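If you read the sequences in order, they're chains A, B, B' and A'. A prime marks a further copy of an entry chain.
Under the deposited numbering, the first sequence has 15 at position 6, and the numbering climbs by one with no breaks.
Under the deposited numbering, the second sequence has 122 at position 113, and the numbering climbs by one with no breaks.
Under the deposited numbering, the third sequence has 45 at position 36, and the numbering climbs by one with no breaks.
Under the deposited numbering, the fourth sequence has 25 at position 16, and the numbering climbs by one with no breaks.
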Amino acid sequence: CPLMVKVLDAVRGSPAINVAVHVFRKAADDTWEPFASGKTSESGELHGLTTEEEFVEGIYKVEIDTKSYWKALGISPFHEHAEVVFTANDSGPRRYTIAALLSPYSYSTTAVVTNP
Amino acid sequence: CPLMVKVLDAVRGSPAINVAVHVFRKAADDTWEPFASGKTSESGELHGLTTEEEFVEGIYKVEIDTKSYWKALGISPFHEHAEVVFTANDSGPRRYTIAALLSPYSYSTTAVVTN
Amino acid sequence: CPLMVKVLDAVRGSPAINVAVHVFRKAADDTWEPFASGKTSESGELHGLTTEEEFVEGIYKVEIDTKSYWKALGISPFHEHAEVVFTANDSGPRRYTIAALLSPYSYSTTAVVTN
Amino acid sequence: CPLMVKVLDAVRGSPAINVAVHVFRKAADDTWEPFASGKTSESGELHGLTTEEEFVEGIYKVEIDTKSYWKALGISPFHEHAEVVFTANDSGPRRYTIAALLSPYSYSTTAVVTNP
Ligand SMILES: Cc1cc(/C=C/c2cc(C(=O)O)cc(N(C)C)c2)cc(C)c1O
Ligand SMILES: Cc1cc(/C=C/c2cc(C(=O)O)cc(N(C)C)c2)cc(C)c1O
């Protein structure tokens with residue numbers, strides 16, 4: 010599992026469960042190709058997005074569908090999504106955790122990058 | 010101006026000065042059309058991006074070129090850029106400030122929407 | 010004024026208005042002595058806390074009464090208060106802004122230190 | 010383990026390892042009594058601070074020694090520590106994770122509270 014996403018809710022003090030996440034990879038022609046997608050579990054985690062074979066070097070975009078999350082809770086939020094765009098694996102394979110902490114009008118995101 | 014951008018640096022404890030910021034508006038075919046851009050001032054602010062007449066309801070993306078900012082300071086960054094995507098809604102307050110707080114491997118962003 | 014406090018609300022997307030803020034200075038016996046206090050304005054800011062003559066090097070604590078803020082808005086909060094503890098250093102820049110971004114179960118804080 | 014602390018480094022993109030953490034509990038006389046302490050592991054986590062017997066209702070302060078962390082990395086940071094003050098267990102026992110994300114001039118903190 011070289012790519013994991015973790016999402017927390019700053020209003021509830023809980024994991025953000027059932028959050029849709031879409032990952033894109035920039036293609037040769039500079040468009041964003043779908044790469045993988047999933048949704049967070051009861052613990053706010055999304056495992057199993059990709060494999061070390063498929064997760065090659067590239068520029069990746071992790072789109073966390075925050076609007077749909079808040080709307081399902083009955084809240085009208087500010088942002089459409091939280092986006093995280095980064096070059097991956099450019100000095101060899103790494104493991105990436107992308108974490109996000111959500112509020113209706115704000116979010117924060119961080120990356121934890123480790124070398125297997 | 011109905012749209013202001015403020016950028017801060019969490020490593021140096023300072024405004025993020027001379028950061029490129031690009032604003033896009035989502036077009037009918039779901040593509041992102043350039044809308045406004047500029048660089049942040051000595052106070053980390055970018056004023057004058059648009060006018061009330063131009064800034065209609067729609068989906069907007071603010072892209073902050075964080076990678077170039079960090080590189081100009083000699084610091085190794087994670088992200089290509091920081092992106093903030095939101096809907097402008099006339100039912101809410103009329104002035105939008107998009108604030109971002111930057112670190113090499115993280116960022117925070119908030120909206121301050123006032124009348 | 011060498012010390013300003015700015016408070017924002019991440020739930021409403023607004024300044025955090027009428028929030029009590031208390032500043033303390035660490036005394037020789039390691040106790041916290043009251044130094045300055047006030048409430049944030051309509052812009053979420055608290056100006057005029059101190060003067061250059063009064064604000065000497067030392068360890069300071071800024072306590073933001075977040076629990077009362079959230080309760081006055083009808084929102085259930087986690088923290089008793091948000092605390093920011095730092096050393097004022099004359100070797101660095103001369104104006105300190107302590108900024109805080111509040112959510113019910115989280116907060117962010119940064120320092121903007123400029124000349 | 011009803012109280013866990015997790016600390017991340019926003020400069021390195023890593024767990025914050027070897028961070029000292031001190032927990033205090035407000036006593037009857039309004040002073041801060043030492044309650045427990047420890048340091049984060051290689052994963053940025055601190056487990057084993059307390060037990061469900063000892064972790065009674067009260068007002069707790071979790072002090073994360075950020076200054077000492079940054080100084081050990083050769084960096085002069087702004088804050089002395091990151092402090093998190095909260096009432097715990099007032100509607101019965103809960104499990105609390107206090108997470109912090111550190112930069113030299115900034116930090117963010119959140120709580121994840123779950124009911125066993
Ligand atoms: C963006 C951000 C992430 C975090 C991440 C917290 C966290 C991260 C992990 C992880 O897998 O890296 C796990 C947990 N748990 C287990 C609560 C919590 C915390 C704060 C305060 C933040 O502002
Ligand atoms: C902790 C924190 C502070 C800020 C600060 C925003 C800010 C906004 C204004 C404003 O005029 O809207 C002013 C300032 N100042 C005065 C530093 C700061 C932003 C984010 C995303 C944060 O996580």
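The beta carbon of each residue, even a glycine, is placed where N, CA and C say it ideally should be.
* To do: Taking only the alpha-carbon atoms, compute the straight-line gap between B'/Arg103 and B'/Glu89 and give it to the nearest angstrom.
  => Within the third sequence, the letter at position 94 stands for residue 103 of chain B'. Within the third sequence, the letter at position 80 stands for residue 89 of chain B'. One C-alpha to the other measures close to 30 Å.
* To do: Report whether the distance from the Cβ of A/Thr49 to the nearest heavy atom of ligand 2 is below 8 Å.
  => Reading the first sequence from its first residue, position 40 is the one you call residue 49 of chain A. A/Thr49: no, Cβ never under 8 Å from ligand 2.
* Can you give me, in chain order, the residues of the stretch 49-70 of chain B' that have a beta carbon less than 8 Å from any beta carbon in chain A'? => With the criterion set as a beta carbon lying under 8 Å from some beta carbon of chain A', the members of the stretch 49-70 of chain B' are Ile68, in sequence order.
* Would you mind reading off the limits of the beta strand (DSSP E) that contains A/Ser77? => For this step, residue 77 of chain A is matched to residue 68 along the first sequence. Counting along the chain, A/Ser77 falls outside any beta strand (DSSP E), though it belongs to the alpha helix (DSSP H) covering 75-81.
* Contact list for B/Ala120 against chain A, beta-carbon separation under 8 Å -> Taking the second sequence and counting its residues from 1, one reaches residue 120 of chain B at position 111. Neighbours of B/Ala120 on chain A, chain order: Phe87, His88, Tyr114, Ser115.
* To do: From the DSSP output, in three-state form, read off B'/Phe87 for me.
  => As a first step, residue 87 of chain B' is located in the third sequence; it is residue number 78 there, counting from the start. Looking at B'/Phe87 - three-state DSSP - the assignment turns out to be coil, as it is neither helix nor strand.
* **Outcome for A'/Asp18 when other beta-carbon atoms lying within 10 angstroms are tallied against a minimum of 16** => Sequence index remark: in the fourth sequence, residue 18 of chain A' carries index 9 (1-based). The residue in question, A'/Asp18, is buried, as its Cβ has 16 or more Cβ neighbours within 10 Å.
* Can you name the start and end residues of the beta strand (DSSP E) that A'/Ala120 belongs to? -> Your numbering for residue 120 of chain A' matches position 111 in the fourth sequence. Per DSSP, A'/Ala120 belongs to the beta strand (DSSP E) from 115-123.
* Going along chain A', which residues have a C-beta under 9 Å from B/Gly47? -> Working through the second sequence from its first residue, we reach residue 47 of chain B at position 38. Within chain A', no residue comes near B/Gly47; the closest Cβ sits about 25 Å away, beyond 9 Å.
* To do: For B/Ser112, name the three-state secondary structure that DSSP assigns.
  => Your numbering for residue 112 of chain B matches position 103 in the second sequence. Correct three-state label for B/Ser112: strand.
* To do: State the beta-bridge partners of A'/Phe33 as determined by DSSP.
  => Numbered from 1 along the fourth sequence, position 24 holds the residue referred to as residue 33 of chain A'. Assignment of beta-bridge partners to A'/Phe33 by DSSP yields A'/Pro43, A'/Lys70.
* **Validate contact between the stretch 16-36 of chain B and the stretch 68-79 of chain B using beta carbons, cut 8 Å, 3 pairs** => In the pairwise beta carbon analysis, the stretch 16-36 of chain B is classified as touching the stretch 68-79 of chain B: at least three pairs are separated by under 8 Å.
* **Exposed unless 16 or more other CB atoms sit within 10 angstroms - verdict on B/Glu92** => Residue 92 of chain B sits at position 83 when you count from the first residue of the second sequence. Answer is buried; the Cβ neighbour count reaches 16.
* **B'/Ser23, DSSP secondary structure in three states** => Sequence index remark: in the third sequence, residue 23 of chain B' carries index 14 (1-based). The three-state reading of DSSP puts B'/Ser23 in strand, counting E and B together.
* Where B/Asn124 and B/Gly101 are concerned, what is the direct C-alpha to C-alpha distance, given to the nearest angstrom? -> What you label residue 124 of chain B is simply residue 115 of the second sequence in a count that begins at 1. What you label residue 101 of chain B is simply residue 92 of the second sequence in a count that begins at 1. Note on geometry: alpha-carbon atoms of B/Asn124 and B/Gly101 lie some 9 Å from one another.
* **Residues, ordered as in the chain, of the stretch 12-44 of chain B' that lie near chain B by beta-carbon distance below 8 Å** => Hits within the stretch, in order: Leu17, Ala19, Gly22, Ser23, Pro24.
* chain A' contact for B'/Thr123 (CB, 9 Å cutoff) -> Counting from one through the third sequence, the residue named residue 123 of chain B' turns up at place 114. It does not; no Cβ of chain A' falls within 9 Å.
* **Pick from B'/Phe95, B'/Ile84, B'/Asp99 that is closest to A'/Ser115, judged by C-alpha positions** => On the fourth sequence, position 106 is the one that residue 115 of chain A' refers to. When C-alpha distances from A'/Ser115 are compared across B'/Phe95, B'/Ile84, B'/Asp99, the shortest belongs to B'/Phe95.
* Just to check, is the beta-carbon of B/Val121 closer than 8 Å to a non-hydrogen atom of ligand 2? -> As a working note, residue 121 of chain B is residue 112 in the second sequence. Within the chosen limit of 8 Å, ligand 2 reaches the beta carbon of B/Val121 through at least one heavy atom.
* Which residue's Cα is closest to the Cα of A/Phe87: A/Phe64, A/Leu111, A/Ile107, A/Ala97? -> As a working mapping, residue 87 of chain A is identified with position 78 in the first sequence. Taking the Cα of A/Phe87 as reference, the smallest distance to any Cα among A/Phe64, A/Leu111, A/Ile107, A/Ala97 is reached at A/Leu111.
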